[PDB]
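For reference, the structure is listed below as structure tokens.
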Amino acid sequence: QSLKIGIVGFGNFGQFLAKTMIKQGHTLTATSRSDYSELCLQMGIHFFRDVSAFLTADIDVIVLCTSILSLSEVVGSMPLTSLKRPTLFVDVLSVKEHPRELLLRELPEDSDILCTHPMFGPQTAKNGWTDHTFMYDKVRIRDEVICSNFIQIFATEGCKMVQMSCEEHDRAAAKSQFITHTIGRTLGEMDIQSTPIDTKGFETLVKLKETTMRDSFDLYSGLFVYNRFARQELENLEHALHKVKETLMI
Amino acid sequence: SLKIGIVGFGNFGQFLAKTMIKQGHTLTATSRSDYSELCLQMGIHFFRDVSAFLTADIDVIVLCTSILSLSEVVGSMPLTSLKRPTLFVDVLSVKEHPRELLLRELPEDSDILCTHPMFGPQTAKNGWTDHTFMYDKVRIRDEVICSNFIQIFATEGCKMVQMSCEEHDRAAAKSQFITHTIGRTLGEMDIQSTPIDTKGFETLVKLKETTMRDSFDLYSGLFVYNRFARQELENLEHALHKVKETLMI
Ligand SMILES: NC(=O)c1ccc[n+]([C@@H]2O[C@H](COP(=O)([O-])OP(=O)(O)OC[C@H]3O[C@@H](n4cnc5c(N)ncnc54)[C@H](OP(=O)(O)O)[C@@H]3O)[C@@H](O)[C@H]2O)c1
Ligand SMILES: NC(=O)c1ccc[n+]([C@@H]2O[C@H](COP(=O)([O-])OP(=O)(O)OC[C@H]3O[C@@H](n4cnc5c(N)ncnc54)[C@H](OP(=O)(O)O)[C@@H]3O)[C@@H](O)[C@H]2O)c1
Ligand SMILES: N[C@@H](Cc1ccc(O)cc1)C(=O)O
Ligand SMILES: N[C@@H](Cc1ccc(O)cc1)C(=O)O
């Protein structure tokens, strides 16, 4: 079940995924806006600076690891008629309705589509993926063997496997992940600092701030701009805070 | 071994009593509501009337009533009936208020130790080790009795932090008050675990659950009686507004 995997977008998270893929024995190719030639040499990954050359490589699965905000531009730049054979496309964006809609619209019809979200990354799964959650939606799967072998990348690492529609993911993510990152960035803007008398609860907010601020602002913007349920959750958070505040006035 | 009397035998008074009894101190309690059966079960004497509590043989009185009620509670106590100088300890989650109130209202010859265990039944269910205990020796003349009592927390492995009541309230406004405001906010949102919780969201769900175990009175006291809390609420509100603005454009 060893795969030839091509990563599009070899940034923070693409690198994180590649480390575990290499550990399992997969054969990796990568392409990206920026030049990762030296890092790919270190890791044994075949890097293509040009996406046209990448698309003609011997690849079983293409994994889209670019930012949510850039996905449309990146897919638009792909000469998808250069694809040598029907290929499974996987995305790992943190929102799901958008890539599902875009890939259904832009990809060749005979390319399969697996829309996924590993609910973890470099800050929470440094030391392994065990008992972290991996979400997927089999948007357009006809070659079940290749789809199963890819999904098994996360199952063998002990991930909790969750099959769910892209819409149900975005509904749940707006209420959970988006709220969490919003609070983390709020604490970052406050620049909360440890004191000599931190409660355990506050220590957990300091660490949440620290971990949240490791992610790019692009990523946070994508969580809001491309999740149609995020706006209501932002309102719910503000509405809740003002309800609490007004109890203090009264 | 100390004769310790608890005033306010609620949630946190009961929590402190458990450990104080384990250490071999002799506990008595009094309180607005009746705790006769609970004190029977725990093996300590409950006084329904604060007057009989105050004329007992007692080394330390620990004020474990809500921040909001401290003034009414102290005002109702017939403090001149104390048989001898007695150490008063408060464990309120804010400090400038009890310091100023006790200095004003207590008999001059009673000592005052203002403290804040930075923990409670949710975060220290299984022991006090490496939890922080703040104290300010506001008016100590009997250093032996004060050192005993302080040792209650030291022997449990607490991180012992001496610091002024004002410096406590400045730091607490920035830390505890902010944390509990966020917890209450998540309580009003009624945030719920999903099949795809991130680890960070799991931490917020637990913060919500832990925060909602405390009384609204307690939360209200963190704000009303910490003169530094209002600006920290502003800092939180202003920061969320700034985060929202980065999204709305
Ligand atoms: N814990 C995580 O970070 C995590 C977890 C799960 C899922 N995800 C998702 O994984 C993806 C990558 O996340 P990330 O943490 O690496 O950070 P990110 O800031 O969301 O994305 C960084 C990647 O996006 C590329 N990129 C950004 N703008 C681009 C543009 N105009 N044109 C072409 N490429 C562009 C970058 O390319 P270059 O590096 O070549 O410049 C880089 O590879 C995102 O979709 C994210 O939502 C992240
Ligand atoms: N983890 C914690 O909960 C924690 C940790 C550190 C410090 N503290 C501080 O410990 C103290 C007690 O906290 P708590 O958790 O037990 O909850 P709390 O709601 O702040 O206070 C409960 C106590 O206040 C008494 N009380 C409330 N209103 C009263 C009134 N008008 N008149 C007379 N007594 C009144 C209650 O008496 P009855 O029960 O008899 O009705 C009860 O004993 C507070 O000052 C708190 O700030 C709490
Ligand atoms: N990067 C953080 C948080 C995160 C998780 C999932 C995401 O899709 C985005 C961010 C982590 O490693 O856990
Ligand atoms: N009751 C919670 C939070 C708390 C801590 C200290 C306080 O003063 C008040 C509340 C705990 O056990 O930690």
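We label chains A, B, ... in the order they appear in the structure tokens, count residues from 1 in each chain, and number ligands from 1 in the order shown.
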Throw together the list of residues within 9 Å of ligand 3, counting only C-alpha atoms and all ligand atoms, and drop it here as a PyMOL selection string.
(chain A and resi 13+92-95+117-126+177+181+211-215+219-220+223) or (chain B and resi 198-200)
Restrict the calculation to only C-alpha atoms and all ligand atoms, then for each residue of chain B with any atom at most 10 Å from an atom of ligand 4 give the closest atom pair and their distance in Å to one decimal, rows by chain and rising residue number, as a tab-separated table.
residue	atom	partner	partner_atom_place_in_ligand_line	distance
B:11	CA	ligand 4	1 (N)	9.1
B:12	CA	ligand 4	1 (N)	8.3
B:15	CA	ligand 4	12 (O)	9.7
B:91	CA	ligand 4	8 (O)	8.0
B:92	CA	ligand 4	8 (O)	6.7
B:93	CA	ligand 4	8 (O)	4.0
B:94	CA	ligand 4	8 (O)	7.6
B:116	CA	ligand 4	8 (O)	6.5
B:117	CA	ligand 4	8 (O)	6.5
B:118	CA	ligand 4	6 (C)	4.6
B:119	CA	ligand 4	13 (O)	4.0
B:120	CA	ligand 4	12 (O)	3.1
B:121	CA	ligand 4	12 (O)	4.3
B:122	CA	ligand 4	12 (O)	3.5
B:123	CA	ligand 4	12 (O)	4.2
B:124	CA	ligand 4	12 (O)	6.0
B:125	CA	ligand 4	12 (O)	7.7
B:131	CA	ligand 4	13 (O)	9.4
B:132	CA	ligand 4	6 (C)	9.8
B:172	CA	ligand 4	8 (O)	9.2
B:176	CA	ligand 4	6 (C)	7.5
B:177	CA	ligand 4	9 (C)	9.1
B:179	CA	ligand 4	3 (C)	9.2
B:180	CA	ligand 4	3 (C)	7.8
B:207	CA	ligand 4	3 (C)	9.3
B:210	CA	ligand 4	2 (C)	6.3
B:211	CA	ligand 4	3 (C)	6.4
B:212	CA	ligand 4	1 (N)	8.8
B:213	CA	ligand 4	1 (N)	6.9
B:214	CA	ligand 4	1 (N)	5.7
B:215	CA	ligand 4	1 (N)	9.1
B:218	CA	ligand 4	9 (C)	7.2
B:219	CA	ligand 4	9 (C)	8.1
B:222	CA	ligand 4	8 (O)	8.5
How about saving the chosen residues, N, CA, C and O atoms kept, as a tab-separated table (two decimals), in the first residue's frame?
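Once written, out_31.tsv looks like this:
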chain	number	residue	atom	x	y	z
B	11	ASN	N	-18.90	25.58	48.94
B	11	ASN	CA	-18.03	24.86	48.02
B	11	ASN	C	-16.57	24.90	48.44
B	11	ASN	O	-15.96	23.86	48.69
B	12	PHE	N	-15.99	26.10	48.54
B	12	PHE	CA	-14.55	26.17	48.81
B	12	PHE	C	-14.21	25.95	50.28
B	12	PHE	O	-13.18	25.34	50.58
B	15	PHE	N	-13.95	22.37	50.64
B	15	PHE	CA	-12.74	21.89	49.99
B	15	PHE	C	-11.51	22.06	50.89
B	15	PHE	O	-10.73	21.12	51.08
B	91	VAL	N	-9.69	33.85	52.20
B	91	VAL	CA	-9.29	33.10	51.01
B	91	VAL	C	-10.01	33.62	49.77
B	91	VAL	O	-10.13	32.90	48.78
B	92	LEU	N	-10.49	34.86	49.81
B	92	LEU	CA	-11.20	35.42	48.67
B	92	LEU	C	-10.31	35.48	47.44
B	92	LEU	O	-9.09	35.63	47.53
B	93	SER	N	-10.94	35.39	46.26
B	93	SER	CA	-10.20	35.39	45.00
B	93	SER	C	-9.73	36.78	44.58
B	93	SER	O	-9.02	36.90	43.58
B	94	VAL	N	-10.12	37.83	45.31
B	94	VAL	CA	-9.54	39.16	45.15
B	94	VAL	C	-9.01	39.56	46.52
B	94	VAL	O	-9.46	39.04	47.54
B	116	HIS	N	-4.79	33.77	48.80
B	116	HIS	CA	-5.57	33.26	47.68
B	116	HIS	C	-4.97	31.95	47.22
B	116	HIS	O	-3.94	31.94	46.52
B	117	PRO	N	-5.57	30.82	47.57
B	117	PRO	CA	-5.25	29.56	46.89
B	117	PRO	C	-5.68	29.66	45.44
B	117	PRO	O	-6.86	29.85	45.14
B	118	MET	N	-4.72	29.57	44.53
B	118	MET	CA	-5.02	29.77	43.12
B	118	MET	C	-5.51	28.47	42.51
B	118	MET	O	-5.05	28.07	41.43
B	119	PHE	N	-6.43	27.81	43.20
B	119	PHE	CA	-6.88	26.48	42.82
B	119	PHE	C	-8.11	26.15	43.64
B	119	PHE	O	-8.45	26.86	44.59
B	120	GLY	N	-8.76	25.04	43.29
B	120	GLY	CA	-10.00	24.69	43.93
B	120	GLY	C	-10.44	23.30	43.53
B	120	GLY	O	-9.67	22.51	42.97
B	121	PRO	N	-11.69	22.97	43.82
B	121	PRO	CA	-12.16	21.59	43.62
B	121	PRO	C	-12.11	21.12	42.18
B	121	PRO	O	-12.19	19.91	41.94
B	122	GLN	N	-11.99	22.01	41.20
B	122	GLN	CA	-11.92	21.52	39.82
B	122	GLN	C	-10.50	21.23	39.38
B	122	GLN	O	-10.25	20.25	38.68
B	123	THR	N	-9.56	22.10	39.73
B	123	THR	CA	-8.19	21.95	39.26
B	123	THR	C	-7.31	21.21	40.24
B	123	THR	O	-6.23	20.77	39.86
B	124	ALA	N	-7.74	21.04	41.49
B	124	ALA	CA	-6.90	20.39	42.49
B	124	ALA	C	-7.68	19.30	43.21
B	124	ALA	O	-7.55	19.13	44.43
B	125	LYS	N	-8.49	18.55	42.47
B	125	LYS	CA	-9.28	17.48	43.08
B	125	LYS	C	-8.38	16.44	43.74
B	125	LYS	O	-8.71	15.91	44.81
B	131	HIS	N	0.30	23.46	42.88
B	131	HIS	CA	-0.64	24.55	42.74
B	131	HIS	C	-0.16	25.73	43.57
B	131	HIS	O	0.50	25.56	44.59
B	132	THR	N	-0.52	26.93	43.13
B	132	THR	CA	0.03	28.15	43.71
B	132	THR	C	-0.83	28.66	44.85
B	132	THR	O	-2.06	28.74	44.72
B	172	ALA	N	-4.15	39.15	38.85
B	172	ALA	CA	-5.36	38.34	38.75
B	172	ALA	C	-6.31	38.91	37.71
B	172	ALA	O	-7.00	38.16	37.01
B	176	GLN	N	-6.66	35.37	35.86
B	176	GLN	CA	-7.85	34.66	36.31
B	176	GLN	C	-9.13	35.31	35.78
B	176	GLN	O	-10.01	34.63	35.25
B	177	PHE	N	-9.26	36.64	35.93
B	177	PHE	CA	-10.51	37.27	35.49
B	177	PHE	C	-10.73	37.07	33.99
B	177	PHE	O	-11.85	36.76	33.55
B	179	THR	N	-9.55	34.61	32.18
B	179	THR	CA	-9.85	33.20	31.95
B	179	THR	C	-11.30	32.91	32.30
B	179	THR	O	-11.99	32.18	31.57
B	180	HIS	N	-11.79	33.48	33.40
B	180	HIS	CA	-13.14	33.10	33.77
B	180	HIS	C	-14.16	33.83	32.90
B	180	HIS	O	-15.25	33.30	32.65
B	207	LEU	N	-12.54	24.04	29.71
B	207	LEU	CA	-12.54	25.31	30.42
B	207	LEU	C	-13.96	25.79	30.66
B	207	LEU	O	-14.28	26.31	31.74
B	210	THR	N	-15.42	23.53	33.49
B	210	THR	CA	-14.84	23.88	34.79
B	210	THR	C	-15.34	25.23	35.27
B	210	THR	O	-15.68	25.41	36.44
B	211	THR	N	-15.38	26.21	34.36
B	211	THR	CA	-15.81	27.55	34.71
B	211	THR	C	-17.26	27.57	35.18
B	211	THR	O	-17.60	28.27	36.15
B	212	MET	N	-18.13	26.80	34.55
B	212	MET	CA	-19.53	26.89	34.92
B	212	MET	C	-19.83	26.18	36.24
B	212	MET	O	-20.96	26.27	36.74
B	213	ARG	N	-18.87	25.50	36.86
B	213	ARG	CA	-19.07	24.94	38.19
B	213	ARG	C	-19.00	25.99	39.29
B	213	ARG	O	-19.48	25.74	40.40
B	214	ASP	N	-18.39	27.14	39.02
B	214	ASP	CA	-18.34	28.21	40.01
B	214	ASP	C	-19.58	29.08	39.93
B	214	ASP	O	-20.24	29.16	38.89
B	215	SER	N	-19.89	29.74	41.04
B	215	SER	CA	-21.10	30.55	41.11
B	215	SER	C	-20.95	31.81	40.27
B	215	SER	O	-19.85	32.32	40.06
B	218	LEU	N	-19.33	34.38	42.49
B	218	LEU	CA	-17.88	34.38	42.46
B	218	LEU	C	-17.36	35.18	41.27
B	218	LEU	O	-16.49	36.03	41.42
B	219	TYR	N	-17.92	34.94	40.08
B	219	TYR	CA	-17.49	35.69	38.90
B	219	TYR	C	-17.72	37.18	39.08
B	219	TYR	O	-16.84	38.00	38.80
B	222	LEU	N	-15.10	38.79	41.15
B	222	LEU	CA	-13.81	39.00	40.50
B	222	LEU	C	-13.76	40.33	39.79
B	222	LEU	O	-12.68	40.91	39.65
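Those residues that approach residue 85 in chain B to within 10 Å, counting only C-alpha atoms, are residues 58, 59, 60, 107, 108, 109, 110, 111, 141 and 142 of chain B; same-chain residues fewer than 4 positions away are not listed.
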Contacts from chain B to chain A, 6 Å maximum, only C-alpha atoms: show me the residue list as an MDAnalysis selection string.
chainID B and resid 118 175 179 185 188:189 198 201 239:240
Choose the residue, out of A:157, A:131, A:112, A:35, that has the smallest atom-to-atom separation from residue 144 in chain A; count only C-alpha atoms.
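Using only C-alpha atoms, the shortest distance to residue 144 in chain A belongs to A:112.
Counting only C-alpha atoms and all ligand atoms, the residue from B:56, B:42, B:73, B:6 that sits nearest to ligand 2 is B:73.
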If you measure from CA of residue 34 in chain A to CA of residue 81 in chain A, what distance in Å do you get, rounded to one decimal?
23.3 Å
